[PDB]
Amino acid sequence: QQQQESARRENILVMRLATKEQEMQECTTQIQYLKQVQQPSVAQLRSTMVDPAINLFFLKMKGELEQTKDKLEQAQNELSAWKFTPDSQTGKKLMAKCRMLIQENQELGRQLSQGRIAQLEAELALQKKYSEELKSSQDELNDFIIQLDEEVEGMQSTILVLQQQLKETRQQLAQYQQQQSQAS
Amino acid sequence: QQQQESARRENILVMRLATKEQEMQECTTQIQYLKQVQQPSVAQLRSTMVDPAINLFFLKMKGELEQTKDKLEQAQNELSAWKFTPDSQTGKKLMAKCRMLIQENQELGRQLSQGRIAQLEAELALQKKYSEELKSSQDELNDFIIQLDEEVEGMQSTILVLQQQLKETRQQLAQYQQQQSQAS
Amino acid sequence: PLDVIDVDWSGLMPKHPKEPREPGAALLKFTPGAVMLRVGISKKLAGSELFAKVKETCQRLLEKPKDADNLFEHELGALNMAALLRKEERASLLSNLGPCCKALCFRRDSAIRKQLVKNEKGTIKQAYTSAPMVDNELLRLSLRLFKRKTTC
Amino acid sequence: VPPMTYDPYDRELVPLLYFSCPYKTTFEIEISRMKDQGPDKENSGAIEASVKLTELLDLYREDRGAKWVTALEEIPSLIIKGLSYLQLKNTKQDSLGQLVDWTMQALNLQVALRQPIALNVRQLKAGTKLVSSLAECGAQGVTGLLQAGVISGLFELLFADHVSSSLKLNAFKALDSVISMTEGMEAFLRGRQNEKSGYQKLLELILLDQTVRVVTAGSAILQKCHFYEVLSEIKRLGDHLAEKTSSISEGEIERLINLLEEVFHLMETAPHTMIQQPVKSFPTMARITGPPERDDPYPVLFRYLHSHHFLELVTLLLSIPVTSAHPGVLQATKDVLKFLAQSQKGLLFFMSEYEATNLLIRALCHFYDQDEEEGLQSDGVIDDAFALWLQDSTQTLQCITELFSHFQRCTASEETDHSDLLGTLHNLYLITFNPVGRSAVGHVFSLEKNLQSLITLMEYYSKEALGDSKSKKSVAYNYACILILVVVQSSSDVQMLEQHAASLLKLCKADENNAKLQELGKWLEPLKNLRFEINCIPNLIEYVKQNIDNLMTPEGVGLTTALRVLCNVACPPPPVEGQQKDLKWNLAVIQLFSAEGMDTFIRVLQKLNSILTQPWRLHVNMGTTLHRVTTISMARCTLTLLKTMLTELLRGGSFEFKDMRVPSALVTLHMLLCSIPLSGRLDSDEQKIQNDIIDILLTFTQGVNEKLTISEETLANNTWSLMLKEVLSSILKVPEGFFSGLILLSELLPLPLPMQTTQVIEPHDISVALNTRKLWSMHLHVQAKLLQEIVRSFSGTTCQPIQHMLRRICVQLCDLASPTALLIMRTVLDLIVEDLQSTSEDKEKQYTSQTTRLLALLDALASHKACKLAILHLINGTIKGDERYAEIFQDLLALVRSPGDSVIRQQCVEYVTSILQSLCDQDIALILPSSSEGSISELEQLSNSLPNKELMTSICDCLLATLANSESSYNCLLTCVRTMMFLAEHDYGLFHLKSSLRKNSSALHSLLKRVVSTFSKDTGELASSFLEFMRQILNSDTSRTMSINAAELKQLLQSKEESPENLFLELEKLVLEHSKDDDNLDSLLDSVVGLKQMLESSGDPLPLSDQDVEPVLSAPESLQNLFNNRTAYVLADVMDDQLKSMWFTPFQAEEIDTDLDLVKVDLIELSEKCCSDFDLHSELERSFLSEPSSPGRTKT
């Protein structure tokens, strides 16, 4: 019909209006962000501390300072290495530092060995085997619980049957010794 | 029915959509201005206000950078003076090895804490904990099964006593009938 | 200067060396007293005699005469359970932290401090600082609806 | 055309249409469906049951044999369909009555023992199942059972001897099915007269030693009985309030608040303590046995909440002025409503009580209006928009019903209704414009096959318009696309995808040219061939690891899903009490370590902050709410994964985790997300992110035993000390991270002692609270060299937040133990002594505004217990290198006793006088004063809380010279007379005050001349304090054993030959203040006429005594001993104001914000060539903002 497609196009138009309204709402929220009347203190902090110029210059100065510091480290230790003689105090302490460094490097290479990784994987496989053994014990234990429940139900049925037998024979013997004590 | 007023609603919806899209364009230009205009140039970059704490940071870093640079130049001038000695070359190679070990030891310590061995020890501890929790709850399930089997043995004792009572009352009825049929 | 410090090392969580359990000691928290403590009973619909008997069964399970005679002071059941849970939570506020548990932090310490300042009944009363827009039309509608529902 | 503008509260709820009520049982649901829907051919499955059900009820009318037992075993499968058809067809021989009598015959033990062996207990079990299936049959069936005596019938099997424990579990299931109806619960709580009630029978049954699962079922019945009872007491209190307000103690209102929080806490732990566990499920601490299937207790907690009109009660409580005024009532009822609105059942509860829900939405929206109408709503009363959230949640579920029940109509007919479908989709889309409305839409479609609505809508209109458009755009298809896109984007509970990830993907594959459907496909990519189990988290980790490069990028947005699905299936929900731990949450963590997870979550965090760091600096701050919600969801999910991994690894015994990428990435993610919120207060999700960051940073403080603290070699390499290094050395790294590192280091450290308790803390817990602080101090004294740099760098700043956070840390971190206390205080004192030196020599000290800020820090520190004693043990003069501290204190005293006249020195003298006041205050100490016996003696509590002899002499000299010198300010004189009032409370302080008055004898006289010379109505406070101090020296002559009479007091006041008439001046002006004003003048002339009556009581000229003996003080205990024996708790029912001062934001508009920022003009460009040659800063800074201004992955 004519009003058919007329209302269909009206639906498409209100769809476009809704999506444009969503975009306008997003832009309005972003305005409320950018035109927020923030606290004086948070504005103070944003302007003084996270200002990109001051912050980037701080980065550059820290980097240059640490570069110069490690360069001075390199130069000073190279000096003390030129001043190295085997029985010097700095000499003994330096070869001892290198020796304990070799010790620590041997230790670290040991803790990273393929032998240590193999022992750790063996322990992990052993623990996984133990956990699946516990799961198998758990299945055994579940079946034991099922057996116990089935047999207590059977025993309760047996008790009820025995109580019925007992009541029957007991009332029989009672009525008998009663009505036959009635006979002289 | 008629399409006139519905098409009128359609085209006024179109003009509403045009107004909304132009408001959205205004919002986009406004947020672009608000978010991109702030850029500091040499004009303000040469008259930046900084906190007293940040200025003290800059002054401390400048001062200690100057001191470290001075000691650095001094040490590197002293480096050019020292002449080649056998023990000096021994110390040079010794401390080259010392540096390389200083670097390799941290490169290996980060592997020991972020690599395969850390994941393996974590899986191992977690599997140990999982198995210990599974077993610590299977112990409670074993105590509850002790409860159930005590129930079993109690019901079995009751079955035994009821069976003895049924037997004695049944033989009592048999004998009382065999007597009081000829007597009573 | 800057005095030498050492710590007595006793805040670690209990059962750390984990000495093995006694056979038949997992059904110890399922005795009548231990169950009634976790559940709590109500005096107004358990009766006088039965409430007395249950409180007696619970008392001889508690080892602290303070808590033993502070048992079940409310007439509601869930309120008794909540009072016991609050007693145990207050007792466990500072007991589980330190060496082998996560050390104290600002959030957790603030929480346990706001817990310590709460008296029993578990609440510190807030003072009025604001009030809603009293729309007595809404109040009339609410009262009418509540009464209608209470009737049918 | 629908209104594209949205007023959220204009639409209101109507009765449910598609989803059955949550409290209705299956029988009632079936009978209502067959009633209203009429005689459909769904009757078919009914009749073959019904005619069968009546063929068993007419075949065993009086037969009770084995065949009857086999019929009992069959009846429960026919009561749902059969009995309902019978009851609604009104073909009634009272088949329900015959069923109830069958049930009473079956539960009978006498009838039971007359059966064969295999099936005498089968009859009892079948009668139990009959109870359970007939109580779930409406008021009709449950009252039929109750009248026939089912409670005292079930309590025959439970009390009989020699009965299977499985049969008792069955009888308990039957009893839980009876009392799940409110008629049953009423008959169970209040039994017949001259009989024990069901509750009393149950209590008597538990008091016999029962099997573990039997007493657990008893506990599960008792918990539900207590819940019903709490609800009944709430209903009683509410009806009381209704009758009292129609035509109220604070005690009963606090009781109502307690009952409401009790209802909340009972509904929270209900699926663990109110359900009947299966007969094979034991209550072990970790579920290992029995079926996994449990039955949720909410379909009966809602029957209770409905039979007691709980929503009407909360509507009243929120609409009645006296109770609504309480914040406790609002918060406690909002807890319950927010819990109800979490689940599909609870959300259908609100829509069943649609009238009560409308009125409740109104009563809740009134609060959220007045909140910003009178308050500012950032740190006062909390605002979470719960009114709007609940309105939009119930509205979107109403639209879900209107959208489901439009496909129950197009398959029983064909489409004659399209416009209402489209209007529903539109009113559902408009809700997704807010962030709260969008969160509610994403949360409601994420509940129990609700997403199936839009899914089947798109499956329909993809066979009608070839998807998007065949000859018509089929706008409903586009609405459904947008909706199933916003729910996938915004939801964080990703369980909904578990069953739909297939369908949606097919949809995403059925239309490859739809701009929204292919984005949805990118969102669902990690769910191709996935199963949401702990065996496929290796695949999810492989996905997160394979395209980690695309994080804030629309082509790697599906990674977000791969971190929600991976947080849904591997992170246990926050555990509630009474819950038995499931063991898969262990395996889910093991599999989360096997497939490398510590690596590919550290990498997620690292790339997350490497992406966010540039918009953070450029102040874009996650603008578009879509990108913000995805980045917050990704951060929170990665943090939850890391938190569960570390807290599950580090609890499995004492383990040591030294990755050191986790803290270095977290102290940056905190800076980027949680540190500087432009609102000045963290959000909810950002607060959760900060809490997760602090928890992960604290999991490095576990596993620290004696064997890890013997030597400084094994202490500085400990995991605690490594985390502390990565947190501290990340504070002085970049000025952007200053405030973040501070607001984080202050969340790691514990609050300062003493604890304000209502009751005593047993010595073990105070020992633990002392030892955890000793341990924090032991681990901080290795980073002492960074703590000193922190308190040297920020001390002397004008940024109010950083200043306040440093001022807070220096109290938290100074109260841990003696070493760190002396560390912080030595640093602050060295800082002030090098600020007073290094600029002054051969002359007086130069005081600048840097000195002013430094003294302000020292002041606001000295007013705390630990910091003040750390000052005292440095000024005292026992030199450990501490001579300069005593010298600088003498220099500060010289400053105050000779202020000169400036605006800087007149600003520093008030700070040093506040210092002096905090030093001479005995209510500020580690050993707090207490006249309770068995404690420290009074005179030995001042030897450890006041200056020593030669320091107290100088302090009294200074406090007098600052009164004599009339150049002093007003606040200075106020704090000095306050310090004098403090010192005038004991013979030590008063002896020194008098002995100093013997040198400066015109101190109080000139002070009184100052009081009268510049008196005003605001100056009255100084006069009041001075007259209080005056009385405090004569109140004893009509605590201390040595005071002055009125005679020599007035002699000290006697320096003018009109000083009595100076008192007369004060009097005549005092009555002349207003006589038009407050209680100032009458109290003040009371005091001063008392003083002048003591004046006339004696002759004035009397020299002050000299025969008095000084009360000597013992050696001050070493600061370590004071920190050892410190008051760890005080009996007070209110928080200390100093502790309460640490809870509000560090962002204060201006109360610490200095009017003189001393912002030093610095020329940055010249500071390049003076250093090593560096880039032109203009180029570097313009490289960042030219093109890339949108949030997320940008140029740099």
# chains A, B, ... in the order shown; residues from 1 in each chain; ligands from 1
>>> calpha_fit_rmsd(fixed="chain A", moving="chain B")
10.6 Å
>>> residues_around(residues="residue 141 of chain B", least_positions_apart="3", cutoff="8 Å", atoms="only C-alpha atoms", output="NGL selection string")
(:B and (137-138 or 144-145)) or (:D and (282 or 284))
>>> write_last_selection(atoms="N, CA and C atoms", output="JSON list (two decimals), in the first residue's frame")
[["chain", "number", "residue", "atom", "x", "y", "z"],
["B", 137, "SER", "N", 39.17, -33.65, 52.42],
["B", 137, "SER", "CA", 37.72, -33.85, 52.39],
["B", 137, "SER", "C", 37.34, -35.32, 52.28],
["B", 138, "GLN", "N", 38.20, -36.15, 51.69],
["B", 138, "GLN", "CA", 37.93, -37.58, 51.71],
["B", 138, "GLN", "C", 38.05, -38.16, 53.11],
["B", 144, "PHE", "N", 32.15, -39.85, 57.80],
["B", 144, "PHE", "CA", 30.72, -40.01, 57.57],
["B", 144, "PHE", "C", 30.38, -41.44, 57.19],
["B", 145, "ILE", "N", 31.29, -42.12, 56.49],
["B", 145, "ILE", "CA", 31.07, -43.54, 56.20],
["B", 145, "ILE", "C", 31.20, -44.38, 57.46],
["D", 282, "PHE", "N", 27.16, -35.51, 50.84],
["D", 282, "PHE", "CA", 27.58, -35.28, 52.21],
["D", 282, "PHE", "C", 28.13, -33.87, 52.37],
["D", 284, "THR", "N", 30.81, -32.47, 53.27],
["D", 284, "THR", "CA", 32.25, -32.28, 53.39],
["D", 284, "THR", "C", 32.61, -30.85, 53.05]]
>>> closest_atom_pairs(of="chain C", to="chain B", cutoff="9 Å", atoms="only C-alpha atoms", output="JSON lines")
{"residue": "C:21", "atom": "CA", "partner": "B:139", "partner_atom": "CA", "distance": 8.7}
{"residue": "C:23", "atom": "CA", "partner": "B:143", "partner_atom": "CA", "distance": 7.1}
{"residue": "C:24", "atom": "CA", "partner": "B:143", "partner_atom": "CA", "distance": 5.2}
{"residue": "C:25", "atom": "CA", "partner": "B:143", "partner_atom": "CA", "distance": 7.3}
{"residue": "C:26", "atom": "CA", "partner": "B:140", "partner_atom": "CA", "distance": 5.1}
{"residue": "C:27", "atom": "CA", "partner": "B:143", "partner_atom": "CA", "distance": 6.5}
>>> interface_residues(of="chain A", to="chain B", cutoff="7 Å", atoms="only C-alpha atoms", output="mmCIF file with N, CA and C atoms, in the first residue's frame")
data_model
loop_
_atom_site.group_PDB
_atom_site.id
_atom_site.type_symbol
_atom_site.label_atom_id
_atom_site.label_comp_id
_atom_site.auth_asym_id
_atom_site.auth_seq_id
_atom_site.Cartn_x
_atom_site.Cartn_y
_atom_site.Cartn_z
ATOM 1 N N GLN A 2 0.195 2.414 0.009
ATOM 2 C CA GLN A 2 0.913 3.683 0.054
ATOM 3 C C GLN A 2 1.307 4.043 1.485
ATOM 4 N N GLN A 3 0.341 4.050 2.407
ATOM 5 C CA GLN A 3 0.670 4.267 3.808
ATOM 6 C C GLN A 3 1.515 3.136 4.371
ATOM 7 N N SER A 6 4.877 4.182 3.462
ATOM 8 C CA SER A 6 5.017 5.463 4.150
ATOM 9 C C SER A 6 5.419 5.255 5.607
ATOM 10 N N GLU A 10 8.870 5.874 7.624
ATOM 11 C CA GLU A 10 8.853 6.569 8.908
ATOM 12 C C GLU A 10 9.604 5.775 9.970
ATOM 13 N N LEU A 13 13.202 6.234 9.360
ATOM 14 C CA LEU A 13 13.597 7.581 9.753
ATOM 15 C C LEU A 13 13.741 7.699 11.264
ATOM 16 N N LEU A 17 16.971 8.616 13.434
ATOM 17 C CA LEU A 17 16.899 9.593 14.514
ATOM 18 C C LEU A 17 17.424 9.015 15.819
ATOM 19 N N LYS A 20 21.267 8.729 15.596
ATOM 20 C CA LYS A 20 21.861 10.057 15.699
ATOM 21 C C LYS A 20 21.726 10.606 17.113
ATOM 22 N N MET A 24 24.692 11.800 19.512
ATOM 23 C CA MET A 24 24.654 13.101 20.169
ATOM 24 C C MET A 24 24.776 12.954 21.680
ATOM 25 N N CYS A 27 28.402 12.370 22.388
ATOM 26 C CA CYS A 27 29.136 13.626 22.277
ATOM 27 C C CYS A 27 28.837 14.547 23.455
ATOM 28 N N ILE A 31 31.394 15.999 26.126
ATOM 29 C CA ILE A 31 31.455 17.420 26.467
ATOM 30 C C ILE A 31 31.472 17.596 27.979
ATOM 31 N N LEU A 34 34.866 16.979 29.004
ATOM 32 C CA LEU A 34 35.843 18.009 28.672
ATOM 33 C C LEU A 34 35.496 19.368 29.262
ATOM 34 N N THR A 48 49.882 20.808 37.394
ATOM 35 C CA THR A 48 51.246 20.900 37.897
ATOM 36 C C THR A 48 52.036 19.618 37.663
ATOM 37 N N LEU A 65 70.460 11.585 33.482
ATOM 38 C CA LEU A 65 71.176 11.420 34.740
ATOM 39 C C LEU A 65 71.565 9.966 34.965
ATOM 40 N N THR A 68 74.441 9.078 32.605
ATOM 41 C CA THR A 68 75.710 9.591 33.109
ATOM 42 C C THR A 68 76.166 8.823 34.344
ATOM 43 N N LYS A 69 75.222 8.381 35.174
ATOM 44 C CA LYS A 69 75.596 7.662 36.385
ATOM 45 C C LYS A 69 76.171 6.292 36.056
ATOM 46 N N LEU A 72 79.611 6.793 34.651
ATOM 47 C CA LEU A 72 80.586 7.011 35.713
ATOM 48 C C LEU A 72 80.906 5.706 36.429
ATOM 49 N N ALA A 75 83.343 3.925 34.118
ATOM 50 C CA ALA A 75 84.666 4.537 34.147
ATOM 51 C C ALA A 75 85.387 4.254 35.460
ATOM 52 N N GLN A 76 84.685 4.379 36.589
ATOM 53 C CA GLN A 76 85.305 4.130 37.886
ATOM 54 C C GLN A 76 85.732 2.680 38.039
ATOM 55 N N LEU A 79 88.762 2.079 35.927
ATOM 56 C CA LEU A 79 89.911 2.581 36.674
ATOM 57 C C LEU A 79 90.394 1.562 37.691
ATOM 58 N N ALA A 81 90.023 -1.407 37.799
ATOM 59 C CA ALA A 81 90.547 -2.588 37.122
ATOM 60 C C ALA A 81 91.948 -2.335 36.578
ATOM 61 N N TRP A 82 92.211 -1.119 36.098
ATOM 62 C CA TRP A 82 93.575 -0.761 35.725
ATOM 63 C C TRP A 82 94.490 -0.779 36.942
ATOM 64 N N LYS A 83 93.888 -0.374 38.100
ATOM 65 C CA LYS A 83 94.645 -0.346 39.382
ATOM 66 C C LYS A 83 94.607 -1.722 40.042
ATOM 67 N N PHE A 84 94.315 -2.764 39.256
ATOM 68 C CA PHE A 84 94.251 -4.100 39.831
ATOM 69 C C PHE A 84 95.620 -4.767 39.818
ATOM 70 N N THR A 85 96.016 -5.281 40.979
ATOM 71 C CA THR A 85 97.181 -6.126 41.139
ATOM 72 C C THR A 85 96.729 -7.253 42.058
ATOM 73 N N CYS A 98 84.146 -11.505 41.461
ATOM 74 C CA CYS A 98 83.993 -12.296 40.243
ATOM 75 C C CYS A 98 83.800 -13.774 40.568
ATOM 76 N N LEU A 101 80.303 -14.217 41.787
ATOM 77 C CA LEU A 101 79.460 -14.105 40.601
ATOM 78 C C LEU A 101 79.456 -15.401 39.805
ATOM 79 N N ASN A 105 76.238 -17.665 39.176
ATOM 80 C CA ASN A 105 75.864 -18.006 37.809
ATOM 81 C C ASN A 105 75.767 -19.514 37.634
ATOM 82 N N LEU A 108 72.455 -20.431 39.257
ATOM 83 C CA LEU A 108 71.317 -20.068 38.421
ATOM 84 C C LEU A 108 71.207 -20.977 37.203
ATOM 85 N N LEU A 112 68.130 -23.626 36.306
ATOM 86 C CA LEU A 112 67.480 -23.520 35.008
ATOM 87 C C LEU A 112 67.817 -24.677 34.081
ATOM 88 N N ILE A 117 64.505 -28.928 35.081
ATOM 89 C CA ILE A 117 63.195 -28.932 34.438
ATOM 90 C C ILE A 117 62.653 -30.353 34.350
ATOM 91 N N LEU A 120 61.432 -31.319 37.798
ATOM 92 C CA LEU A 120 60.176 -30.645 38.104
ATOM 93 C C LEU A 120 59.018 -31.253 37.325
ATOM 94 N N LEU A 124 55.795 -33.088 38.852
ATOM 95 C CA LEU A 124 54.453 -32.685 38.452
ATOM 96 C C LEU A 124 53.649 -33.873 37.945
ATOM 97 N N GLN A 127 52.631 -35.880 40.965
ATOM 98 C CA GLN A 127 51.505 -35.283 41.676
ATOM 99 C C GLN A 127 50.204 -35.457 40.903
ATOM 100 N N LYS A 128 50.259 -35.393 39.572
ATOM 101 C CA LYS A 128 49.053 -35.629 38.783
ATOM 102 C C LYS A 128 48.607 -37.082 38.892
ATOM 103 N N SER A 131 46.937 -37.373 42.196
ATOM 104 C CA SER A 131 45.608 -36.771 42.224
ATOM 105 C C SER A 131 44.593 -37.645 41.501
ATOM 106 N N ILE A 145 29.659 -45.812 49.506
ATOM 107 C CA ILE A 145 28.511 -45.108 50.074
ATOM 108 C C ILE A 145 27.215 -45.664 49.502
ATOM 109 N N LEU A 148 26.502 -48.995 51.104
ATOM 110 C CA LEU A 148 26.047 -48.840 52.481
ATOM 111 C C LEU A 148 24.591 -48.401 52.530
ATOM 112 N N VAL A 152 21.565 -50.576 54.148
ATOM 113 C CA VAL A 152 20.757 -50.119 55.279
ATOM 114 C C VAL A 152 19.286 -50.089 54.897
ATOM 115 N N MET A 155 18.277 -53.680 55.206
ATOM 116 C CA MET A 155 18.175 -54.060 56.609
ATOM 117 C C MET A 155 16.936 -53.460 57.258
ATOM 118 N N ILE A 159 13.990 -55.500 58.978
ATOM 119 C CA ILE A 159 13.510 -55.214 60.326
ATOM 120 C C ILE A 159 11.997 -55.062 60.330
ATOM 121 N N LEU A 162 10.461 -58.520 59.977
ATOM 122 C CA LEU A 162 10.597 -59.267 61.220
ATOM 123 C C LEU A 162 9.647 -58.740 62.283
ATOM 124 N N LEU A 166 6.777 -60.868 64.053
ATOM 125 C CA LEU A 166 6.763 -60.943 65.506
ATOM 126 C C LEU A 166 5.424 -60.499 66.067
ATOM 127 N N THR A 169 2.782 -63.400 65.230
ATOM 128 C CA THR A 169 2.906 -64.572 66.091
ATOM 129 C C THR A 169 2.678 -64.227 67.558
ATOM 130 N N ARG A 170 3.031 -63.012 67.977
ATOM 131 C CA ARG A 170 2.857 -62.626 69.371
ATOM 132 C C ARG A 170 1.385 -62.459 69.710
ATOM 133 N N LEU A 173 -0.129 -66.058 69.788
ATOM 134 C CA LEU A 173 0.136 -66.751 71.044
ATOM 135 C C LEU A 173 -0.614 -66.103 72.201
ATOM 136 N N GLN A 180 -7.467 -70.083 75.633
ATOM 137 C CA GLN A 180 -7.280 -71.447 76.108
ATOM 138 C C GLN A 180 -6.970 -71.510 77.597
ATOM 139 N N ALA A 183 -10.454 -72.365 79.105
ATOM 140 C CA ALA A 183 -10.908 -73.748 79.140
ATOM 141 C C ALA A 183 -10.289 -74.456 80.338
ATOM 142 N N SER A 184 -11.126 -75.137 81.114
ATOM 143 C CA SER A 184 -10.671 -75.870 82.292
ATOM 144 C C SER A 184 -10.276 -77.297 81.929
#
>>> interface_residues(of="chain D", to="chain A", cutoff="6 Å", atoms="only C-alpha atoms", output="list in words")
residues 4, 113, 117, 121, 163, 164, 433, 623, 735, 736, 1147 and 1149 of chain D
>>> write_last_selection(atoms="C-alpha atoms", output="short mmCIF file (atom, residue, chain, number, x, y, z; two decimals), in the first residue's frame")
data_model
loop_
_atom_site.label_atom_id
_atom_site.label_comp_id
_atom_site.auth_asym_id
_atom_site.auth_seq_id
_atom_site.Cartn_x
_atom_site.Cartn_y
_atom_site.Cartn_z
CA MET D 4 13.25 9.69 20.61
CA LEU D 113 5.13 -53.23 57.92
CA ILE D 117 10.18 -57.57 52.10
CA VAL D 121 10.32 -49.31 52.53
CA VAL D 163 14.81 -46.44 60.00
CA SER D 164 17.21 -45.89 57.11
CA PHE D 433 21.73 5.72 25.95
CA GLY D 623 36.02 9.53 26.68
CA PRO D 735 55.64 13.61 38.21
CA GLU D 736 52.54 12.02 36.71
CA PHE D 1147 41.15 16.21 46.89
CA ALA D 1149 38.84 22.27 47.33
#
>>> atom_distance(atom1="atom CA of residue 127 of chain C", atom2="atom CA of residue 245 of chain D")
21.4 Å
>>> closest_residue(among="D:975, D:408, D:1097, D:358", to="residue 138 of chain C", atoms="only C-alpha atoms")
D:358
>>> residues_around(residues="residue 627 of chain D", least_positions_apart="2", cutoff="10 Å", atoms="only C-alpha atoms", output="PyMOL selection string")
chain D and resi 489+552-554+557+622-625+629-633+1191-1192
>>> select_by_dssp(residues="segment 34-96 of chain C", states="helix (DSSP H, G or I)", output="ChimeraX atom specification")
/C:34-39,43-46,48-59,65-69,77-91
>>> residues_around(residues="segment 183-192 of chain D", least_positions_apart="5", cutoff="9 Å", atoms="only C-alpha atoms", output="tab-separated table (two decimals) with N, CA and C atoms, in the first residue's frame")
chain	number	residue	atom	x	y	z
C	45	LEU	N	9.01	-19.39	69.31
C	45	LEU	CA	8.29	-20.52	68.75
C	45	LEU	C	8.99	-21.86	68.95
C	46	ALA	N	10.05	-21.92	69.77
C	46	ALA	CA	10.58	-23.20	70.19
C	46	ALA	C	10.04	-23.63	71.55
D	135	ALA	N	2.58	-31.39	47.77
D	135	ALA	CA	2.75	-30.07	48.37
D	135	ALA	C	3.08	-29.03	47.32
D	139	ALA	N	-2.22	-24.13	47.23
D	139	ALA	CA	-2.84	-24.11	48.55
D	139	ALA	C	-3.79	-25.28	48.72
D	142	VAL	N	-1.59	-28.42	49.48
D	142	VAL	CA	-0.81	-28.34	50.71
D	142	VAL	C	-1.72	-28.32	51.93
D	143	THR	N	-2.89	-27.68	51.83
D	143	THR	CA	-3.83	-27.73	52.94
D	143	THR	C	-4.52	-29.08	53.03
D	145	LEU	N	-2.93	-31.88	52.49
D	145	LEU	CA	-1.93	-32.65	53.23
D	145	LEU	C	-1.90	-32.25	54.70
D	146	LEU	N	-1.94	-30.95	54.99
D	146	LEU	CA	-1.82	-30.49	56.37
D	146	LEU	C	-3.02	-30.92	57.21
D	151	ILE	N	2.59	-33.20	58.78
D	151	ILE	CA	3.72	-32.82	59.62
D	151	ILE	C	3.96	-33.87	60.69
D	175	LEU	N	9.35	-32.85	53.93
D	175	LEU	CA	9.04	-31.78	54.86
D	175	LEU	C	9.45	-30.42	54.31
D	177	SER	N	9.37	-29.74	51.18
D	177	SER	CA	8.38	-29.44	50.16
D	177	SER	C	7.05	-29.00	50.77
D	178	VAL	N	6.72	-29.51	51.96
D	178	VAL	CA	5.51	-29.05	52.64
D	178	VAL	C	5.67	-27.62	53.11
D	197	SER	N	4.76	-28.23	68.05
D	197	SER	CA	4.74	-27.82	66.66
D	197	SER	C	5.80	-28.58	65.88
D	198	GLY	N	5.71	-28.50	64.55
D	198	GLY	CA	6.72	-29.11	63.71
D	198	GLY	C	8.11	-28.61	64.03
D	199	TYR	N	8.23	-27.33	64.37
D	199	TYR	CA	9.53	-26.77	64.73
D	199	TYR	C	10.04	-27.37	66.03
D	200	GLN	N	9.16	-27.56	67.01
D	200	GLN	CA	9.59	-28.16	68.27
D	200	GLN	C	9.92	-29.63	68.09
D	225	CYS	N	12.95	-22.01	58.28
D	225	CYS	CA	12.00	-21.58	59.30
D	225	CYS	C	12.40	-20.24	59.89
D	228	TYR	N	11.58	-17.48	57.36
D	228	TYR	CA	10.16	-17.14	57.40
D	228	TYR	C	9.82	-16.35	58.65
D	229	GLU	N	10.45	-16.68	59.77
D	229	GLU	CA	10.15	-15.98	61.02
D	229	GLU	C	10.64	-14.54	60.98
>>> residues_around(residues="segment 1120-1125 of chain D", least_positions_apart="4", cutoff="12 Å", atoms="only C-alpha atoms", output="PyMOL selection string")
(chain C and resi 1-8) or (chain D and resi 752-754+763+766-771+773-774+777+814-822+865-867+869-870+873+925-928+935-936+941+943-945+1116+1129)
